[PDB]
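Written below as structure tokens is the structure these notes are about.
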Amino acid sequence: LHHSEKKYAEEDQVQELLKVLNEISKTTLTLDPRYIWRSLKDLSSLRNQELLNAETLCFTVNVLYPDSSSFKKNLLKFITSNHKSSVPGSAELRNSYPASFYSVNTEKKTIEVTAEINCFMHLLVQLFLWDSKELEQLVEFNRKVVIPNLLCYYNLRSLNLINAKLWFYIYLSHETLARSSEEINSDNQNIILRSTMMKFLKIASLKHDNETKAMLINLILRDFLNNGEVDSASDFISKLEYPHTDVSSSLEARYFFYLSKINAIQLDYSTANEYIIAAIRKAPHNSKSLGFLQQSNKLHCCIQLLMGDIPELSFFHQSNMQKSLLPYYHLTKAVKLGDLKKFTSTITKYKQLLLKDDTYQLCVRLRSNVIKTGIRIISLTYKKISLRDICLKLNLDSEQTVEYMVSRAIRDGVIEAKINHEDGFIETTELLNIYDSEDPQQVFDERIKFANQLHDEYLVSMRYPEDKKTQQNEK
Amino acid sequence: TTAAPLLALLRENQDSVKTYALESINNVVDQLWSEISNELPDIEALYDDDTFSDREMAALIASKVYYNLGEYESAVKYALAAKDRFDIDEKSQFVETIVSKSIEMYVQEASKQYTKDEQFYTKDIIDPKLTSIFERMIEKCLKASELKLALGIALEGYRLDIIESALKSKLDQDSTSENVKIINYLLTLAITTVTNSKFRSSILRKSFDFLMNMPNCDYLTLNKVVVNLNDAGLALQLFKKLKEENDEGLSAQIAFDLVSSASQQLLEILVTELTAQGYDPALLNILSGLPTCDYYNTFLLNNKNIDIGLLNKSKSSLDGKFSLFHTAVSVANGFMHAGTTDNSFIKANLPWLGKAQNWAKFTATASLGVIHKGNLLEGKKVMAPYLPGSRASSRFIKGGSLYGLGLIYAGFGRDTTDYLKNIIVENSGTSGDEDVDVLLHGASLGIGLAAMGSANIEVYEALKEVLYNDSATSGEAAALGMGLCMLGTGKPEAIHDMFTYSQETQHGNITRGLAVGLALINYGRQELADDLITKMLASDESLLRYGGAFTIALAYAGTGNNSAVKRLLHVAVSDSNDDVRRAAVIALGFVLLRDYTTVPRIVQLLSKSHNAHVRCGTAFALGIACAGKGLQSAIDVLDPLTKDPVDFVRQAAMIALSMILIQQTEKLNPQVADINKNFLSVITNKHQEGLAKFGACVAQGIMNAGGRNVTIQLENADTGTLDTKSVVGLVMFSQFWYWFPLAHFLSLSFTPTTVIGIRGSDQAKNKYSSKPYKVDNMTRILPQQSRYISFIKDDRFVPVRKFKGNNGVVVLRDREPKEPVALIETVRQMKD
Amino acid sequence: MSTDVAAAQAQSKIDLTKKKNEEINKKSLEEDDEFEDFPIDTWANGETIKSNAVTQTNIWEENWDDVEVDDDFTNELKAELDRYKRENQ
């Protein structure tokens with residue numbers, strides 16, 4: 001009855017572990033273990049949540065533990081203790097195995113392979129805390145317990161890949177506690193959090209684990225951004241090592257999205273634009289991914305107004321993301337029309353929301369782009385145009401001031417005009433017919449090379465999974 | 001976090017905060033690595049200035065920074081500059097990363113400087129700090145008390161010193177057998193890891209010193225070294241140890257091993273040295289090998305099982321009046337009946353042999369000498385009704401009996417050389433009749449065999465006179481006979497003459513004969529055969545390109561060097577000369593006898609390309625390479641190649657399968673019985689092409705060869721050494737497609753597999769079971785079977801030295817050497 | 001609720017047991033679903049999505065309007081006032 005329910009959950013987990021244990025006894029590998037490990041983690045996340053708070057505890061007790069079973073149980077005491085299903089028949093077993101962590105063998109200590117087992121019991125305690133949706137001291141206790149265990153000995157390739165996924169949860173739970181209710185010791189412990197993450201990346205370099213390296217790089221970028229330590233992250237992004245070989249496509253989505261943030265801050269709007277489109281196309285359409293997409297789209301609108309490119313109105317309408325994106329929709333219309341008065345209203349109306357996402361800093365730089373976009377519209381509309389007419393339209397000062405705006409603005413080439421100060425007009429330089437110039441030559445070359453690069457990626461990838469299947473016995 | 005407070009300290013102008021800065025940066029160098037790498041040149045300026053005693057500390061920072069960047073090369077330079085403060089991180093549970101890259105870097109430097117001179121331990125190209133961290137790593141292995149780890153890094157680092165210390169200290173004689181065990185493991189790894197001769201020679205010859213200190217040990221291990229280097233001084237010194245013991249049984253045992261493994265030239269001079277040491281004449285007969293032939297003869301006389309209904313069946317299916325058909329059956333039965341002088345083929349087929357004529361009746365006369373191979377005492381007696389002096393009826397018999405007499409006496413025919421030479425000198429002053437050309441033809445192949453590996457410049461001169469006649473078929477044979485005598489000499493005069501006479505003639509037969517004999521002459525010199533390869537490959541002639549491929553093959557035979565195989569692969573695809581494409585692919589097999597595991601994967605490609613000649617050489621590559629233990633894959637790749645439309649591939653594919661599975665059981669792999677019926681099925685059918693019926697029938701005789709008592713031993717497992725006889729036979733055998741008589745040379749690749757026990761006082765799935773069965777002595781035993789046999793704990797015959805576990809003659813000690821015991825009579829004894 | 005063309009990523013990616021945890025982690029990292037936080041945060045519900053006909057619910061196609069001010073009242077005033085000048089010319 002009650003023993004049956006905890007026993008069933010345990011038996012699911014055992015088959016998944018046993019599968020990997022067999023695989024790493026032949027020869028440790030990276031990718032074949034992970035696909036199984038990801039499937040197990042889903043089942044554990046769903047069973048911890050839905051089925052009582054003591055179904056983790058049964059497992060933890062059931063296997064041999066250094067001191068983890070007692071640290072697990074502590075967490076459960078606080079939220080109404082459990083004591084049930086820890087008597088023999090939940091502790092008189094070590095759960096079907098052939099002989100490599102089987103009951104008879106382990107107790108006898110003809111072998112002991114707590115190696116794999118310890119890393120999985122860590123995976124449970126992280127999942128279980130985010131399920132509870134709780135933070136306080138329990139976070140601290142999770143931080144303290146697992147980190148030196150993993151640092152008092154080197155890990156095998158399989159075990160390093162379990163412990164990369166624990167680091168993300170440690171980091172996430174620390175950062176949420178600051179956001180629920182800021183504290184003063186959260187600040188000093190953040191230096192500690194900061195130290196371990198970078199030290200980890202060195203540790204993973206020696207084991208030559210591709211998937212372990214990538215996931216830590218994603219963490220360092222995120223950690224700098226919420227601390228706002230962009231200076232240190234600017235040195236980091238020009239000195240990376242990221243592989244895209246074995247990484248999951250969630251990791252790749254995240255990586256590109258982080259770059260777009262730092263770049264936008266450094267006043268690169270052209271590189272930021274390329275990478276934010278990369279991040280979105282990797283990500284799913286699902287409501288699973290919903291919140292990742294909103295922050296991404298907030299940044300994506302912002303980059304375009306920083307360029308002078310001005311997002312589509314369709315883009316808000318085809319998504320059902322309208323209400324989240326409502327403040328960027330009012331900025332889009334404002335910059336396009338040239339109306340500073342419309343713009344100033346938008347940034348006062350929605351100040352609070354923008355400042356939450358910490359995208360308000362990026363938004364104030366847009367008060368400039370109204371003025372510069374306004375001069376580009378006026379140079380399109382009239383080839384030659386008096387200085388005074390600009391002052392009326394955009395609600396600016398003297399003509400001398402307007403002269404200065406254009407002199408600066410054509411250093412980037414935004415207006416693409418030039419001022420005559422003895423003829424008293426502004427004369428734009430565009431009169432297209434660049435197909436009579438040598439320009440398209442340059443362009444076609446680039447598209448051809450872009451095609452060549454997709455061909456190459458096709459070649460290496462097409463045959464590598466083919467090769468696994470043909471080698472593998474299935475006849 | 002930020003590194004910014006830390007930069008300010010360096011910049012601050014007081015001495016004191018500059019000393020403290022290096023300490024502070026270094027603590028968290030794994031946290032702020034990307035930050036401090038930009039400003040790593042500030043820290044280099046503090047290294048220059050001599051107002052710091054933390055110069056060593058400043059250098060140490062640089063190492064950790066460059067590892068995290070990605071360049072491991074730069075970190076080790078500056079770790080070595082730091083001097084100390086790098087011996088504390090060799091056992092942490094966090095950072096050993098900088099240290100491990102030092103162990104790698106010394107191995108790279110070690111290879112480069114060893115080749116110039118063995119000493120490189122006093123060069124300034126090697127930092128003194130670098131030597132220390134390497135040394136202490138190998139010491140840590142010894143603290144854990146496994147020497148396999150310690151020896152393994154020493155092999156890479158080209159150290160003579162450390163490998164010398166480990167074996168020196170593993171001698172203490174608390175188990176003599178265990179002391180040898182550790183030397184065996186390294187000897188194997190030396191061969192398979194070090195493909196550089198200089199370093200490998202030094203290690204082998206050094207290993208000898210440890211073996212010879214012990215008073216009791218396995219002396220097979222001493223002999224392994226001697227055979228790889230072929231120094232007659234180490235050979236002599238090894239026998240000298242056994243002469244202080246005055247022990248007959250050992251000396252006889254290792255002499256049996258040595259003749260098969262080492263070269264014929266090694267034996268010819270070695271016995272002379274031993275004669276003047278003073279020995280018993282028994283050992284010196286055994287080193288010539290005449291006793292050794294007799295022991296093998298006896299094994300085959302007693303245990304041979306032949307198929308007389310098969311002899312009838314081939315006879316019915318393939319006609320004696322049909323000359324191609326008659327060649328197949330003559331060859332096929334001869335291999336089956338091989339290894340004992342039996343006359344059953346002659347009497348049964350007494351009218352059938354005479355119906356042929358031309359070179360087919362020449363093939364038939366020499367197949368008698370395949371059956372009667374060996375039997376030295378009786379060699380002349382069974383050949384005498386054919387030999388000139390009572391033969392004048394046919395010129396094919398007169399010459400082809402001399403060829404067949406050459407097979408009987410191959411590698412033992414020093415006296416025979418004189419007799420055959422009279423005949424040749426007579427005929428080399430003439431241009432000959434067509435009577436004389438055929439007669440002289442078979443004299444020339446024959447004397448090649450008798451005088452093989454003798455280094456007779458008398459014979460080289462003798463046959464040089466025939467080449468100069470310009471006789472059509474006699475000159476092709478003369479060229480072949482020269483190559484067989486002067487095997488493994490690398491003489492320059494001989495090389496020069498044959499290569500040039502190719503241009504002198506327009507005859508394709510002759511030109512071809514020189515090209516492939518030049519391969520024999522450059523056997524086993526490897527890159528000192530290089531000058532020839534360049535000349536032959538650059539030649540405009542297709543024939544010299546045909547032979548150039550075979551020159552690579554024999555030169556690097558039994559060594560899988562990357563260079564040799566590269567050249568052969570390229571030649572094959574890029575040429576459009578049918579003969580050449582075939583030859584280059586056959587040559588690969590010789591080079592890759594060392595690693596026969598890889599051959600099926602490499603040549604899977606080549607069988608994929610659907611060109612016939614290319615496919616022909618690929619079947620031959622599988623057959624030669626894998627001629628030992630059977631591979632399921634090797635079989636599968638050949639199997640549709642017995643189905644191809646081109647019939648020349650069909651011939652090769654079945655012959656290759658027969659070389660691969662020579663005497664295995666159909667309970668030892670159940671594909672043996674199936675494949676045997678597949679050959680039979682083609683022959684049964686008469687609706688197929690004659691090319692196909694020829695291919696299956698010749699293959700059938702190879703498959704049943706010895707009466708199923710012998711197997712091909714490319715590389716012996718008695719010492720893990722290449723066999724000269726096996727290589728020579730096979731390359732001659734691949735010429736059968738261009739001259740059928742040469743098939744008979746495959747007999748030299750048959751080496752009899754048996755354990756023959758001998759009294760040492762007058763010389764008379766998952767196979768293993770814990771429940772034994774008894775096996776008689778002098779019955780057929782395979783290389784794979786041998787490892788499961790172990791002399792009984794209470795046994796009346798026990799070997800003097802723990803058993804080698806592979807086929808050959810092993811001397812036993814008899815506890816009662818004078819009480820009666822039933823004996824198996826020796827062929828030697830039966831006669832006299 | 002889908003970012004760019006709704007069908008273009010609905011066919012591009014679909015669920016797997018393997019991916020499902022990582023996706024949930026992505027939305028948690030930003031900290032919320034960020035479409036149900038926003039009504040509480042402002043303490044209102046939409047009326048400024050009712051700015052234009054196309055904004056509210058996409059049941060039309062795009063016009064490229066963004067204020068939707070009738071342009072008939074201004075074009076009518078130009079027409080009559082111009083005629084009178086010509087009448088008084």
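Residues in the structure tokens are named by chain (A, B, ... in the order shown) and by number from 1 within that chain; ligands are numbered from 1 in the order shown.
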Residue neighbourhood residue C:2, 12 Å, only C-alpha atoms, exclusion window fewer than 3 positions, as number ranges by chain
A: 280-281, 283-294, 297, 315-322; C: 5-13
Expected file contents, prior selection, N, CA and C atoms, as a JSON list (two decimals), in the first residue's frame:
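The resulting file, again.json, is reproduced below:
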```json
[["chain", "number", "residue", "atom", "x", "y", "z"],
["A", 280, "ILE", "N", 16.90, 32.66, -30.98],
["A", 280, "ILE", "CA", 15.47, 32.42, -31.03],
["A", 280, "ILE", "C", 15.20, 31.18, -31.89],
["A", 281, "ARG", "N", 15.92, 31.04, -33.01],
["A", 281, "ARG", "CA", 15.66, 29.93, -33.93],
["A", 281, "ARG", "C", 16.02, 28.58, -33.30],
["A", 283, "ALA", "N", 15.50, 27.98, -30.06],
["A", 283, "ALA", "CA", 14.52, 27.73, -29.01],
["A", 283, "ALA", "C", 13.20, 27.20, -29.58],
["A", 284, "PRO", "N", 12.50, 26.35, -28.82],
["A", 284, "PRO", "CA", 11.16, 25.88, -29.23],
["A", 284, "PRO", "C", 10.12, 26.99, -29.27],
["A", 285, "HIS", "N", 8.93, 26.64, -29.80],
["A", 285, "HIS", "CA", 7.77, 27.52, -29.75],
["A", 285, "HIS", "C", 7.01, 27.43, -28.43],
["A", 286, "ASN", "N", 7.31, 26.43, -27.60],
["A", 286, "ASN", "CA", 6.46, 26.04, -26.48],
["A", 286, "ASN", "C", 6.33, 27.13, -25.41],
["A", 287, "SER", "N", 5.23, 27.03, -24.64],
["A", 287, "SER", "CA", 5.06, 27.75, -23.38],
["A", 287, "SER", "C", 6.04, 27.29, -22.31],
["A", 288, "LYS", "N", 6.68, 26.14, -22.53],
["A", 288, "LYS", "CA", 7.84, 25.72, -21.75],
["A", 288, "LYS", "C", 8.93, 26.77, -21.80],
["A", 289, "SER", "N", 9.15, 27.30, -22.99],
["A", 289, "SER", "CA", 10.25, 28.21, -23.28],
["A", 289, "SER", "C", 9.79, 29.65, -23.22],
["A", 290, "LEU", "N", 8.54, 29.88, -22.80],
["A", 290, "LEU", "CA", 7.90, 31.18, -22.97],
["A", 290, "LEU", "C", 8.72, 32.32, -22.40],
["A", 291, "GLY", "N", 9.18, 32.17, -21.16],
["A", 291, "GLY", "CA", 9.85, 33.27, -20.49],
["A", 291, "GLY", "C", 11.22, 33.57, -21.06],
["A", 292, "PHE", "N", 11.87, 32.55, -21.62],
["A", 292, "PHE", "CA", 13.13, 32.76, -22.32],
["A", 292, "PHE", "C", 12.92, 33.65, -23.54],
["A", 293, "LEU", "N", 11.79, 33.46, -24.21],
["A", 293, "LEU", "CA", 11.46, 34.18, -25.43],
["A", 293, "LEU", "C", 11.09, 35.64, -25.17],
["A", 294, "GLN", "N", 10.38, 35.91, -24.07],
["A", 294, "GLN", "CA", 9.97, 37.28, -23.79],
["A", 294, "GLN", "C", 11.19, 38.18, -23.56],
["A", 297, "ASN", "N", 12.85, 38.74, -26.81],
["A", 297, "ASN", "CA", 12.17, 39.65, -27.72],
["A", 297, "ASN", "C", 12.28, 41.08, -27.25],
["A", 315, "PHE", "N", 5.11, 41.87, -36.13],
["A", 315, "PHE", "CA", 5.81, 40.93, -35.27],
["A", 315, "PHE", "C", 5.11, 40.78, -33.93],
["A", 316, "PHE", "N", 4.53, 41.87, -33.43],
["A", 316, "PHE", "CA", 3.79, 41.83, -32.18],
["A", 316, "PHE", "C", 2.42, 41.17, -32.40],
["A", 317, "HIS", "N", 1.84, 41.39, -33.58],
["A", 317, "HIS", "CA", 0.48, 40.94, -33.88],
["A", 317, "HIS", "C", 0.42, 39.45, -34.18],
["A", 318, "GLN", "N", 1.43, 38.90, -34.87],
["A", 318, "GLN", "CA", 1.45, 37.46, -35.11],
["A", 318, "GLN", "C", 1.74, 36.63, -33.88],
["A", 319, "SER", "N", 2.45, 37.17, -32.91],
["A", 319, "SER", "CA", 2.60, 36.45, -31.66],
["A", 319, "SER", "C", 1.42, 36.81, -30.76],
["A", 320, "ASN", "N", 1.19, 35.99, -29.74],
["A", 320, "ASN", "CA", 0.26, 36.37, -28.68],
["A", 320, "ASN", "C", 1.00, 36.98, -27.51],
["A", 321, "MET", "N", 2.16, 37.53, -27.78],
["A", 321, "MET", "CA", 3.05, 38.10, -26.79],
["A", 321, "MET", "C", 2.83, 39.59, -26.63],
["A", 322, "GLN", "N", 1.66, 40.07, -27.08],
["A", 322, "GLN", "CA", 1.42, 41.50, -27.22],
["A", 322, "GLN", "C", 1.58, 42.25, -25.89],
["C", 5, "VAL", "N", 6.79, 33.99, -36.94],
["C", 5, "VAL", "CA", 5.74, 33.21, -37.60],
["C", 5, "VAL", "C", 5.44, 31.98, -36.76],
["C", 6, "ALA", "N", 4.18, 31.84, -36.35],
["C", 6, "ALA", "CA", 3.81, 30.85, -35.34],
["C", 6, "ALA", "C", 4.07, 29.43, -35.82],
["C", 7, "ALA", "N", 3.73, 29.16, -37.08],
["C", 7, "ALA", "CA", 3.91, 27.84, -37.68],
["C", 7, "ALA", "C", 5.37, 27.51, -37.97],
["C", 8, "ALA", "N", 6.25, 28.52, -38.03],
["C", 8, "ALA", "CA", 7.61, 28.27, -38.49],
["C", 8, "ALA", "C", 8.46, 27.61, -37.42],
["C", 9, "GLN", "N", 8.13, 27.79, -36.15],
["C", 9, "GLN", "CA", 8.87, 27.16, -35.07],
["C", 9, "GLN", "C", 8.04, 26.02, -34.47],
["C", 10, "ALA", "N", 6.71, 26.03, -34.70],
["C", 10, "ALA", "CA", 5.86, 24.90, -34.29],
["C", 10, "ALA", "C", 6.23, 23.64, -35.06],
["C", 11, "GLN", "N", 6.55, 23.78, -36.35],
["C", 11, "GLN", "CA", 7.11, 22.65, -37.09],
["C", 11, "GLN", "C", 8.61, 22.49, -36.81],
["C", 12, "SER", "N", 9.32, 23.58, -36.49],
["C", 12, "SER", "CA", 10.77, 23.50, -36.33],
["C", 12, "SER", "C", 11.15, 22.62, -35.14],
["C", 13, "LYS", "N", 10.53, 22.84, -33.98],
["C", 13, "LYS", "CA", 10.80, 22.01, -32.82],
["C", 13, "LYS", "C", 9.49, 21.59, -32.16]]
```
Near chain A, meaning an atom within 9 Å, which residues of chain C appear when counting only C-alpha atoms? Write them as JSON, numbers by chain.
{"C": [1, 2, 3, 4, 5, 6, 7, 8, 9, 10, 11, 12, 13, 14, 15, 16, 17, 18, 19, 20, 21, 22, 23, 24, 25, 26, 27, 28, 29, 30, 31, 32, 33, 34, 35, 36, 38, 39, 41, 42, 46, 48, 49, 54, 55, 56, 57, 58, 61, 62, 64, 65, 66, 67]}
Selection: 10 Å around stretch 82-85 of chain B, only C-alpha atoms, excl. self and same-chain fewer than 6 positions, as a PyMOL selection string:
chain B and resi 47+54-63+76+128-130
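All residues of protein, DNA or RNA that reach within 9 Å of residue B:298, judged by only C-alpha atoms and not counting those fewer than 6 positions away in the chain, are residues 340, 778, 824, 825, 826, 827 and 828 of chain B.
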Considering only C-alpha atoms, tabulate each residue of chain A that lies at most 9 Å from chain B along with its nearest interatomic pair and the corresponding distance in Å to one decimal; arrange the rows by chain and ascending residue number and present them as CSV.
```
residue,atom,partner,partner_atom,distance
A:151,CA,B:93,CA,6.4
A:152,CA,B:93,CA,5.4
A:153,CA,B:93,CA,5.1
A:154,CA,B:93,CA,6.3
A:191,CA,B:1,CA,6.9
A:194,CA,B:1,CA,6.3
A:195,CA,B:31,CA,5.6
A:196,CA,B:31,CA,7.5
A:197,CA,B:31,CA,7.7
A:198,CA,B:31,CA,4.8
A:199,CA,B:30,CA,5.0
A:200,CA,B:30,CA,8.5
A:201,CA,B:68,CA,8.2
A:202,CA,B:68,CA,6.1
A:203,CA,B:94,CA,7.0
A:205,CA,B:68,CA,7.7
A:206,CA,B:97,CA,6.3
A:224,CA,B:1,CA,7.9
A:229,CA,B:1,CA,7.4
A:231,CA,B:2,CA,8.0
A:232,CA,B:2,CA,6.1
A:233,CA,B:35,CA,8.7
A:235,CA,B:35,CA,6.0
A:236,CA,B:34,CA,5.6
A:239,CA,B:34,CA,6.7
A:240,CA,B:69,CA,7.8
A:241,CA,B:70,CA,7.9
```
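From atom CA of residue B:766 back to atom CA of residue B:630, the distance works out to 15.3 Å.
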